[PDB]
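Both backbone and side-chain heavy atoms feed into the values below; hydrogens, waters and symmetry mates do not. Every chain is numbered from 1, with letters handed out A, B, ... down the list of sequences.
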Amino acid sequence: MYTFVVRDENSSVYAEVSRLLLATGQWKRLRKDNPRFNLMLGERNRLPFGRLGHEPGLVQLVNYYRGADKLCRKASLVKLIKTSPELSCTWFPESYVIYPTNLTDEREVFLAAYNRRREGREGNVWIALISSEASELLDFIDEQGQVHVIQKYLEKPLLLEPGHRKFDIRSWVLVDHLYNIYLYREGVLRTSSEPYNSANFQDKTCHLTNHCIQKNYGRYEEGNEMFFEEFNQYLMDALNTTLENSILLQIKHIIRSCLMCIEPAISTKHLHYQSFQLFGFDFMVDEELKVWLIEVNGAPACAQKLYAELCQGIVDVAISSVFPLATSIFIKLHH
Amino acid sequence: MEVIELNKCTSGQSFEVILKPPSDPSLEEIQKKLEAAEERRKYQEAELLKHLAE
Amino acid sequence: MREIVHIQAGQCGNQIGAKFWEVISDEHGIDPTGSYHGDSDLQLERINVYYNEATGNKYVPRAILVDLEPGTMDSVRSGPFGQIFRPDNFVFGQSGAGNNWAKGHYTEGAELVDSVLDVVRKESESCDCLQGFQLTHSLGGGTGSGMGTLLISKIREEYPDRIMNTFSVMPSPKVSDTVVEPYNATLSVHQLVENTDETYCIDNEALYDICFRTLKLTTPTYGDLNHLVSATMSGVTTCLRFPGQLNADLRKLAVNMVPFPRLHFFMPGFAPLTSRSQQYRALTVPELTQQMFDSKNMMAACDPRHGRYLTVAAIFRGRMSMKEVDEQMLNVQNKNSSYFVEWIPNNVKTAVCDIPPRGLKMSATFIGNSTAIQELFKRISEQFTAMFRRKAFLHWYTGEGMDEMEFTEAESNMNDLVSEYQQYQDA
Amino acid sequence: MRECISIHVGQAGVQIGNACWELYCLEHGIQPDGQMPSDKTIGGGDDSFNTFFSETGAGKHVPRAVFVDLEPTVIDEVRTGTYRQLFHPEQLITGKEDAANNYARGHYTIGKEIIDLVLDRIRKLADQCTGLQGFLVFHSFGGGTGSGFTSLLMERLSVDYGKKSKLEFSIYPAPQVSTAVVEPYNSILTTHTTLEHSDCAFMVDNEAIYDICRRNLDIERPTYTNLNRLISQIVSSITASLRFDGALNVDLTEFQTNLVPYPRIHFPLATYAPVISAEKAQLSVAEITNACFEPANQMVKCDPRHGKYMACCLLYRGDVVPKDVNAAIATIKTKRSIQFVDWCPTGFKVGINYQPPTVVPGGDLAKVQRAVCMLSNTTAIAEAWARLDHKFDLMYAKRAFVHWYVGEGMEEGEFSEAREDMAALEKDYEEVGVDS
Ligand SMILES: Nc1nc2c(ncn2[C@@H]2O[C@H](COP(=O)(O)OP(=O)(O)OP(=O)(O)O)[C@@H](O)[C@H]2O)c(=O)[nH]1
Ligand SMILES: Nc1ncnc2c1ncn2[C@@H]1O[C@H](COP(=O)(O)OP(=O)(O)CP(=O)(O)O)[C@@H](O)[C@H]1O
Ligand SMILES: Nc1nc2c(ncn2[C@@H]2O[C@H](COP(=O)(O)OP(=O)(O)O)[C@@H](O)[C@H]2O)c(=O)[nH]1
Ligand SMILES: [Ca+2]
Ligand SMILES: [Ca+2]
Ligand SMILES: [Ca+2]
Ligand SMILES: [Mg+2]
Ligand SMILES: [Mg+2]
C-alpha cells in the first residue's frame with residue numbers, strides 16, 4: 001500500500017492524478033503534514049526539498065524538480081540561455097532583462113540593439129505591453145515595480161486561415177526520475193478569434209492569445225483551441241507539409257536543448273529523494289515555418305479534453321515506474 | 001588555473017588553485033545561571049514536600 | 001550500577017510479584033537457592049539491577065513483600081522460589097484490609113507503613129546508585145490499592161528525585177471479587193496520576209479475554225491470568241536487565257514515553273501469546289511484529305484503533321535479523337501512520353535483546369502510550385458513578401473516617417484525565 | 001610545536017574518541033602499551049605528533065585527552081580495553097548517573113556538580129603545554145550529556161582559555177540509531193548555547209554514515225563500532241595536518257581562517273572518498289575528487305548545487321600529486337554546479353599527505369592507495385538545520401516533553417530563545433546562499 005500527500009489543492013492536473021491513484025486501491029492519501037509518504041504532490045512555492053528523503057524505510061518521490069525555476073522564470077530563462085555555453089541558439093527571440101529605476105541590469109545593452117533597428121528602418125516592435133518606442137516601454141516598467149523582460153515581438157507570425165488568426169503552441173513535457181524526457185503526443189493551439197492587426201498594437205486582444213483574454217470566441221474551433229489532427233490537416237491542405245516536419249522536429253529539438261542544459265543542476269539520479277515534473281512549453285511559429293520558444297511553464301494546466309489521458313500517463317511512467325502496482329501516449333526524446 | 005603558495009616536504013605538499021577572483025559571559029554570570037536553576041529546582045521540591053505534608 | 005527496589009503489596013501484588021521473580025530468576029540463571037548456574041555472561045552483566053549479592057556468590061532479590069494479612073505471603077514462602085527472598089523483607093500484618101481502600105490507605109495500612117519504609121530504607125542504603133522503585137499491586141482490593149498508593153506517596157516524600165514505576169492490575173466485572181472495586185480503583189488512579197512516572201495498566205478484562213478466546217482456556221484461573229502478567233513484566237523490564245542502548249534505565253524510559261506528566265499510563269503487549277503448553281514453531285519477525293500490535297495481544301482491553309499513539313517502545317527478544325526487525329517496524333508505522341501523532345516525530349523506538357524468554361526462541365513485547373487508554377478509565381468511571389450517585393456501599397468507607405468529598409475529587413480528577421487523552425487525540 | 005587537547009563528552013564522544021585514538025596510534029606506530037619504537041627522543045620532544053601525545057621518562061606516549069561522562073559504563077570499557085595502558089585514570093572522568101537524554105539535566109543539574117572537576121583535570125593537561133592552541137570537542141547533539149554538559153563546558157572554556165581556539169565534532173541525530181525522541185530539543189538547545197563559543201564545528205549526521213556503511217561496506221545493520229571507525233577516518237583526515245608535517249591547517253586558527261569567513265556560519269560540510277569494503281576483492285585522483293561532489297559521500301545529506309560555497313579545502317592522503325588534482329578539478333568545474341559567493345574567490349586549498357590512510361586490522365574498511373576528505377563551507381548544510389528546527393516546532397507547539405526540562409530548573413523561555421537563534425541562523429544562510 002503506497003501513500004501520498006497533497007499540498008496543492010489548486011492543481012487541476014494533480015487533483016486528477018491523486019484521484020486516479022485512489023482508484024487503483026493501492027494508493028492511500030495522508031494528511032498534509034504526515035511525513036511518512038511515498039509521494040509528494042507539492043506546493044508551487046517554497047517546497048521543503050530539504051526535508052525530503054530523510055524518512056527511513058521510505059522511497060520518497062516529489063512532483064517538482066528543485067532548480068527548474070531557472071527555466072520557468074522569464075528573467076531566469078533569458079539569463080540561462082545567454083550564459084550557458086550549450087545554449088548560446090536561433091530558436092529564442094532577442095531578449096534582455098530590465099530592472100526598474102527604483103529597483104546586474106542590461107538596459108544600455110537593449111538600447112544598443114534598438115539603435116540598429118531604428119537606424120536600419122526594419123522591425124523595431126518589442127514586448128514586455130507591445131510598443132515600438134523604448135521610452136513607452138521603460139516608463140511602463142518603472143511604473144509597475146516588478147522585474148520585467150524585454151523581448152523582440154515577432155511581427156511576421158504564421159497566420160491561420162480563414163480569419164488571419166494568430167496562435168501559440170502548447171506542448172506538455174514530462175521528465176521522470178531517470179530524467180527521461182517524454183513529449184505528450186497531444187499538443188494544443190491557443191488561437192486568437194480576432195483577425196491579426198499589423199498597424200494598431202494598442203489592441204492587445206488580437207495579439208495576445210491567452211485563453212482567458214480570448215474568453216468571436218468559439219466560432220472557428222471549440223474553446224479557441226485547435227488540436228494537432230486538425231492543425232496537421234491544415235498544413236497539408238494549405239502549405240503541402242506536415243506538422244511533424246515543419247514544426248515538431250524543431251519543438252522536440254528545443255525541449256531537448258533546454259532540459260539537457262540544466263540536467264546536471266537539477267537531476268536527482270544520486271539524491272536521497274527523487275523528482276519528476278510536468279512542463280508546459282509555449283512556442284511561436286513565424287510565416288517561414290520557423291519555431292520560436294516563448295516560455296516554459298513549471299505548473300501548467302491541461303486542455304479539458306486531454307486531462308484524462310495525460311494524467312493517466314503521469315501515473316504510469318512517472319509514479320508507477322517508481323512504485324509498481326500489483327502504444328505509449330508519450331514520445332521519448334532520447335539523449 | 002593559477003597554482004599559488006606551493007609548499008613541499010617529505011611528508012607531502014600543499015598549495016592553492018584559484019579558478020576565479022572574487023566579484024562572552026563571565027564566570028560569575030555562568031554561576032548565576034546554574035544557581036538560578038538550582039533554586040528553581042529547590043522551590044519545586046519544596047512545593048512538593050509542602051503538598052505531601054498536607 | 002543502577003539498582004531498582006521492588007515492592008509487592010496485597011494478594012494480587014504478591015502473587016504476580018512472586019511469579020515475576022520466578023521467571024526472571026530463570027532467565028538470569030538463578031536457582032531457588034540463590035546460586036548462579038547459567039551459561040551466558042550476559043545474564044550477570046546487569047543482575048545488580050534487581051539482585052543483591054551475598055558472600056558465596058549468592059543472589060538475593062531486591063524485593064520487599066507487603067500485606068495486611070499473612071495468608072498470601074505464607075504461600076509465597078512455600079512457593080518454588082520462596083527461599084530466595086530475604087526473610088527480613090517480609091512485612092505483614094494480621095487484620096487484613098477487607099477489600100477496602102480506606103483501610104489500606106488510612107487505618108490498617110497506616111499502622112504497618114513505617115515498618116515497610118524501614119525495609120525500603122535499608123535496601124536503598126545498600127544501593128550504589130538507586131534509580132528507583134517498582135510496585136506490583138491491584139487497584140481493586142484494599143492492601144495493594146490503598147496501602148500501595150500510601151506507600152508510593154511516602155516513598156516519594158523520602159526519595160523525591162527517584163523514579164516511581166508501577167504494574168497496576170485494573171479491576172473488571174468479568175473477573176471481580178467485590179462490587180466496591182470501582183471505588184478502590186478510582187481512589188487509586190487519583191494517586192497514580194500524581195505520584196508515579198510510569199504505570200503499566202494491566203487489565204483483568206483483557207487477561208481474561210486472552211485466556212478465553214485466544215488461549216482457548218474455557219475457565220481461566222488467576223494462575224492463567226498471572227502467566228500472561230509475568231511474561232509481560234519480563235518483557236517490559238528486558239531493557240533494564242540486559243545490556244542495551246534503548247530505555248536502559250527508568251528515567252530514560254520515562255523521558256521517551258511521557259510527553260505530558262499526567263499521561264503516563266501504558267498499554268502493554270506481548271507476542272506470541274502462550275498458555276502455561278510449549279510452542280515448537282518459532283514465529284517469523286513479521287509475525288511477531290504483526291501480533292504485538294494487534295489489539296488481541298493488548299493487556300489493557302483498549303482498542304488502539306480508537307485512539308492515537310503518543311509514544312511506542314518495542315522489545316524483540318531472541319536471535320533474529322535486526323535488519324528484518326527494522327523493516328517490519330517501519331512497515332507497521334508506514335501502513336498505519338494515521339494512528340501515530342505527527343507532532344511527535346519518530347515516536348516509535350525499538351530494542352533487541354539476544355536472550356529469549358524460557359520456552360521461546362523469540363518474542364516481542366509492546367509498550368504503548370495510547371490515547372485509547374481513556375476507554376479503560378471511562379469504564380471504571382461509569383461503574384464508579386453508577387454506585388456513587390446512589391451513595392451505594394459508601395458506609396464501608398465513611399466508617400473508616402473518609403468523607404464523600406474525597407470520592408468526588410477522585411472522580412473529578414479521573415474524568416479530567418479522560419478529557420486530557422481526548423484532547424491530544426484530536427490535536 | 002603547539003599542543004592540542006581533545007575532550008570527549010558523553011557516550012558518543014567517548015566511543016568515537018576511542019576509535020580516533022586507536023587510529024592515531026596505528027598511524028604513528030604507537031603500541032597499546034604507550035611505546036613508540038620510532039621515537040628516538042626518549043621522554044620528550046616537539047615533533048608534529050607531540051601535538052596530540054605527551055611523553056613520560058619511561059618512553060610512554062600518552063594522549064592529550066580527557067574523557068568525561070556522567071555514567072561510568074562507557075568509559076569503564078576504556079579503563080579495561082586494549083588501550084587501557086595508554087591513558088592515566090585522571091584523564092577518565094565518570095559520574096554516577098547520566099543526564100537521561102535531558103539537556104537541562106546535563107547542563108544545569110548534573111553539570112553544576114562536576115564542571116569544576118572536569119576543568120581541573122583539563123587544567124592539568126594545559127599546564128603541561130608549552131603552547132596550547134586550544135581544544136577539540138567530541139560529542140553528540142541528542143544526548144543529555146553530549147548536548148547539556150558540552151555547552152556548559154564550552155562556556156567555561158571560553159572564560160578559562162579566552163585566546164584558545166575551540167573545534168567541534170558533533171553527532172547530528174538520526175532516528176535509525178537514535179535512542180531518544182527529544183533529541184531535536186537537545187540539539188537546538190546546545191547549538192544555541194555553544195554557538196558563540198565554537199570557532200569551527202564539523203557536523204556528522206548518523207543517517208549519512210549509516211547509509212554509507214550499508215551502501216559501500218555492505219553492512220546490513222551498521223553498529224556504533226561500524227559508524228565510529230568510519231567517523232574516525234574522517235576525523236583523522238581533518239586532524240592529520242595537526243599531527244603530521246605539512247603547511248595546510250597546521251594550526252587550529254587556520255581552520256577558521258580557511259573555512260569560516262563569518263563566525264556564526266562555522267559548520268563546514270565534510271565529504272569523504274573512497275569508502276571500500278574490506279571483504280570486497282583502485283580509484284584515481286580524478287575519481288575520488290569527483291566523488292567529493294556526490295551527496296551520497298557527504299557527512300550530511302544535502303544538495304550543494306542549490307547553495308553557495310564560501311570556502312573549499314581538499315585533504316588528500318596517499319599517492320597523490322598536484323598535477324593530478326588540478327587536472328581533476330579542471331574537469332569537474334566544467335561538469336558540475338559549483339557556485340561561490342561573489343565576495344569570495346572561486347578556488348580550492350589543497351593538502352597532500354603521502355602516507356595512505358591507515359585502517360584498523362580486521363575492520364570493515366579496505367586499504368586504499370589514495371583517499372580525500374573535502375571540507376567545504378556551503379549554505380546547503382542549512383538543510384540540516386531546517387529539518388531539525390521543523391521537528392522542534394512540531395513537538396514544542398504542543399509543549400511535548402517540556403516538563404522534563406522545566407523540572408530540572410530550566411525555564412521554558414530558553415526553548416523559544418534557542419529556537420529564535422536558530423531561526424536567525426537559517427536566515428543568515430538564506431542571505432548568503434540565495435539570490436532572490
Ligand atoms: N556515531 C555514533 N553515535 C552515537 C554513539 N553513541 C551514541 N550516539 C548517538 O548520540 C545520541 C545519543 O546520545 P549519547 O551520546 O548516547 O548520550 P550521552 O551524551 O551519553 O548523554 P546521556 O543522556 O547522559 O546518556 C543518539 O543520536 C545516538 O545515535 C556512537 O558510539 N557513535
Ligand atoms: N515575442 C513575442 N512575439 C509574439 N507574441 C508574443 C511574444 N511574447 C508573448 N507573446 C504572446 O503573449 C501570449 C502569452 O504570453 P506569456 O505566455 O509570456 O504570458 P504568461 O506567462 O503570463 C501566460 P502563461 O505563462 O500562463 O502561458 C502568447 O500567446 C503570445 O502569443
Ligand atoms: N491478575 C490477577 N488479579 C488478581 C489476583 N488476585 C486478585 N486480583 C484482582 O485484584 C482485585 C482484588 O484485590 P486484592 O489484591 O485481592 O486485594 P488486596 O490483597 O487487599 O490488595 C480484584 O480486581 C481481583 O480481580 C491475581 O493473582 N492475578
Ligand atoms: Ca491494630
Ligand atoms: Ca520507626
Ligand atoms: Ca620524543
Ligand atoms: Mg483478594
Ligand atoms: Mg550516556
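- Annotation: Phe212(C), atom CZ; neighbour count of heavy atoms from other residues, nucleotides and ligands within 6.0 Å does not exceed 12.
- Taking a 6.0 Å sphere around NZ of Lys361(C), one finds it holds 12 or fewer heavy atoms contributed by other residues, nucleotides or ligands.
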Enumerate, including both backbone and side-chain atoms, all donor-acceptor pairs under 3.5 Å from chain C to chain A.
unit_1    : atom_1 : unit_2   : atom_2 : d
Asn334(C) : OD1    : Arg36(A) : NE     : 2.5
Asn334(C) : OD1    : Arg36(A) : NH2    : 3.1
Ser337(C) : OG     : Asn34(A) : ND2    : 3.2

